[PDB]
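For reference, target36.pdb (PDB, C-alpha atoms):
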```
ATOM      1  CA  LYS A   1      95.863 105.754  97.399  1.00  0.00           C
ATOM      2  CA  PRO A   2      94.908 104.187  94.055  1.00  0.00           C
ATOM      3  CA  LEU A   3      97.628 103.212  91.602  1.00  0.00           C
ATOM      4  CA  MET A   4      97.583 104.614  88.058  1.00  0.00           C
ATOM      5  CA  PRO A   5      96.240 102.171  85.433  1.00  0.00           C
ATOM      6  CA  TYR A   6      99.563 101.934  83.567  1.00  0.00           C
ATOM      7  CA  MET A   7     101.609 101.037  86.646  1.00  0.00           C
ATOM      8  CA  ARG A   8      99.194  98.553  88.230  1.00  0.00           C
ATOM      9  CA  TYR A   9      99.703  96.701  84.942  1.00  0.00           C
ATOM     10  CA  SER A  10     103.455  97.062  85.479  1.00  0.00           C
ATOM     11  CA  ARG A  11     103.180  95.601  88.981  1.00  0.00           C
ATOM     12  CA  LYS A  12     100.978  92.694  87.873  1.00  0.00           C
ATOM     13  CA  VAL A  13     103.388  91.759  85.061  1.00  0.00           C
ATOM     14  CA  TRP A  14     106.825  92.670  86.469  1.00  0.00           C
ATOM     15  CA  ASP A  15     107.838  89.235  87.765  1.00  0.00           C
ATOM     16  CA  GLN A  16     107.058  87.381  84.526  1.00  0.00           C
ATOM     17  CA  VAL A  17     109.163  89.931  82.642  1.00  0.00           C
ATOM     18  CA  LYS A  18     112.024  89.130  85.007  1.00  0.00           C
ATOM     19  CA  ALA A  19     111.268  85.425  84.529  1.00  0.00           C
ATOM     20  CA  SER A  20     111.767  85.724  80.764  1.00  0.00           C
ATOM     21  CA  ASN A  21     115.364  86.921  81.328  1.00  0.00           C
ATOM     22  CA  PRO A  22     116.663  87.338  84.909  1.00  0.00           C
ATOM     23  CA  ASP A  23     119.765  89.116  83.568  1.00  0.00           C
ATOM     24  CA  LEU A  24     117.553  92.083  82.642  1.00  0.00           C
ATOM     25  CA  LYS A  25     118.309  95.251  84.583  1.00  0.00           C
ATOM     26  CA  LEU A  26     115.568  97.402  86.092  1.00  0.00           C
ATOM     27  CA  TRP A  27     115.626  99.939  83.259  1.00  0.00           C
ATOM     28  CA  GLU A  28     115.383  97.115  80.713  1.00  0.00           C
ATOM     29  CA  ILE A  29     112.253  95.770  82.418  1.00  0.00           C
ATOM     30  CA  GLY A  30     110.572  99.177  82.347  1.00  0.00           C
ATOM     31  CA  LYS A  31     111.395  99.604  78.663  1.00  0.00           C
ATOM     32  CA  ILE A  32     109.865  96.213  77.842  1.00  0.00           C
ATOM     33  CA  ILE A  33     106.727  96.839  79.910  1.00  0.00           C
ATOM     34  CA  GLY A  34     106.201 100.020  77.910  1.00  0.00           C
ATOM     35  CA  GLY A  35     106.161  97.893  74.776  1.00  0.00           C
ATOM     36  CA  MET A  36     103.768  95.367  76.317  1.00  0.00           C
ATOM     37  CA  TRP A  37     101.314  98.104  77.292  1.00  0.00           C
ATOM     38  CA  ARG A  38     101.495  99.496  73.746  1.00  0.00           C
ATOM     39  CA  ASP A  39     100.492  96.072  72.379  1.00  0.00           C
ATOM     40  CA  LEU A  40      97.333  96.055  74.515  1.00  0.00           C
ATOM     41  CA  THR A  41      93.910  96.423  72.942  1.00  0.00           C
ATOM     42  CA  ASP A  42      91.724  99.396  73.809  1.00  0.00           C
ATOM     43  CA  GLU A  43      89.269  97.130  75.639  1.00  0.00           C
ATOM     44  CA  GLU A  44      92.096  95.599  77.684  1.00  0.00           C
ATOM     45  CA  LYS A  45      93.259  99.084  78.687  1.00  0.00           C
ATOM     46  CA  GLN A  46      89.666  99.999  79.556  1.00  0.00           C
ATOM     47  CA  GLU A  47      89.587  97.200  82.136  1.00  0.00           C
ATOM     48  CA  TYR A  48      92.529  98.823  83.922  1.00  0.00           C
ATOM     49  CA  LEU A  49      90.912 102.244  83.534  1.00  0.00           C
ATOM     50  CA  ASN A  50      87.696 100.836  85.009  1.00  0.00           C
ATOM     51  CA  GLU A  51      89.596  99.248  87.898  1.00  0.00           C
ATOM     52  CA  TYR A  52      91.370 102.517  88.672  1.00  0.00           C
ATOM     53  CA  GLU A  53      88.041 104.340  88.372  1.00  0.00           C
ATOM     54  CA  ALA A  54      86.534 101.992  90.960  1.00  0.00           C
ATOM     55  CA  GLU A  55      89.708 102.378  93.029  1.00  0.00           C
ATOM     56  CA  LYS A  56      89.454 106.178  92.887  1.00  0.00           C
ATOM     57  CA  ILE A  57      85.812 106.173  94.014  1.00  0.00           C
ATOM     58  CA  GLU A  58      86.562 103.985  97.038  1.00  0.00           C
ATOM     59  CA  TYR A  59      89.594 105.956  98.232  1.00  0.00           C
ATOM     60  CA  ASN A  60      87.919 109.350  97.813  1.00  0.00           C
ATOM     61  CA  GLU A  61      85.052 108.018  99.968  1.00  0.00           C
ATOM     62  CA  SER A  62      87.493 107.581 102.871  1.00  0.00           C
TER      63      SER A  62
END
```
Please go through the file and, once you have read it, give me the structure as structure tokens.
Amino acid sequence: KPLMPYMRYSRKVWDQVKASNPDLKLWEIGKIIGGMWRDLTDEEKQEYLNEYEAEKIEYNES
């Protein structure tokens, strides 16, 4: 099943957020990722929305 655009971004970027400060707890990583997504341009977000749209089409055809 396809992953939501916001959280596929969270998966792709989680490790580098931990790399910036390994002492960060899980809830601190999620709070930061929320800020990073907010900083994204609308065209950057559209790439993840396109990817999920392609992901949705494939899964529904199975």
Legend entry - Pick from A:39, A:61, A:32, A:53 nearest to residue A:16, counting only C-alpha atoms: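 Looking at the shortest contact to residue A:16, the residue is A:32.
The neighbours of residue A:31 here are the residues that come within 12 Å of it, using only C-alpha atoms and leaving out any residue fewer than 5 positions away in the same chain; they are residues 10, 14, 17, 24, 25, 26, 36, 37 and 38 of chain A.
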When the PyMOL selection byres ((chain A and resi 8) around 12) is applied to the file above, which residues end up in the set, as a PDB file with C-alpha atoms, in the coordinates of the input?
```pdb
ATOM      1  CA  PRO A   2      94.908 104.187  94.055  1.00  0.00           C
ATOM      2  CA  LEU A   3      97.628 103.212  91.602  1.00  0.00           C
ATOM      3  CA  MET A   4      97.583 104.614  88.058  1.00  0.00           C
ATOM      4  CA  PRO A   5      96.240 102.171  85.433  1.00  0.00           C
ATOM      5  CA  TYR A   6      99.563 101.934  83.567  1.00  0.00           C
ATOM      6  CA  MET A   7     101.609 101.037  86.646  1.00  0.00           C
ATOM      7  CA  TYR A   9      99.703  96.701  84.942  1.00  0.00           C
ATOM      8  CA  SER A  10     103.455  97.062  85.479  1.00  0.00           C
ATOM      9  CA  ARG A  11     103.180  95.601  88.981  1.00  0.00           C
ATOM     10  CA  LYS A  12     100.978  92.694  87.873  1.00  0.00           C
ATOM     11  CA  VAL A  13     103.388  91.759  85.061  1.00  0.00           C
ATOM     12  CA  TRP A  14     106.825  92.670  86.469  1.00  0.00           C
ATOM     13  CA  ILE A  33     106.727  96.839  79.910  1.00  0.00           C
ATOM     14  CA  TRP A  37     101.314  98.104  77.292  1.00  0.00           C
ATOM     15  CA  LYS A  45      93.259  99.084  78.687  1.00  0.00           C
ATOM     16  CA  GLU A  47      89.587  97.200  82.136  1.00  0.00           C
ATOM     17  CA  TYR A  48      92.529  98.823  83.922  1.00  0.00           C
ATOM     18  CA  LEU A  49      90.912 102.244  83.534  1.00  0.00           C
ATOM     19  CA  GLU A  51      89.596  99.248  87.898  1.00  0.00           C
ATOM     20  CA  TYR A  52      91.370 102.517  88.672  1.00  0.00           C
ATOM     21  CA  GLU A  55      89.708 102.378  93.029  1.00  0.00           C
TER      22      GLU A  55
END
```
Inset, instruction - Rounded to one decimal place, report the atom CA of residue A:1-atom CA of residue A:57 distance in Å. - result: 10.6 Å
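Atom CA of residue A:34 lies 15.6 Å from atom CA of residue A:20.
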Inset, instruction - One decimal, Å: what's the distance from atom CA of residue A:58 over to atom CA of residue A:46, could you say? - result: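 Spanning atom CA of residue A:58 to atom CA of residue A:46 is a straight-line distance of 18.2 Å.
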Inset, instruction - Find, counting only C-alpha atoms, the residue in A:54, A:60, A:29, A:42 that gets nearest to residue A:15. - result: A:29
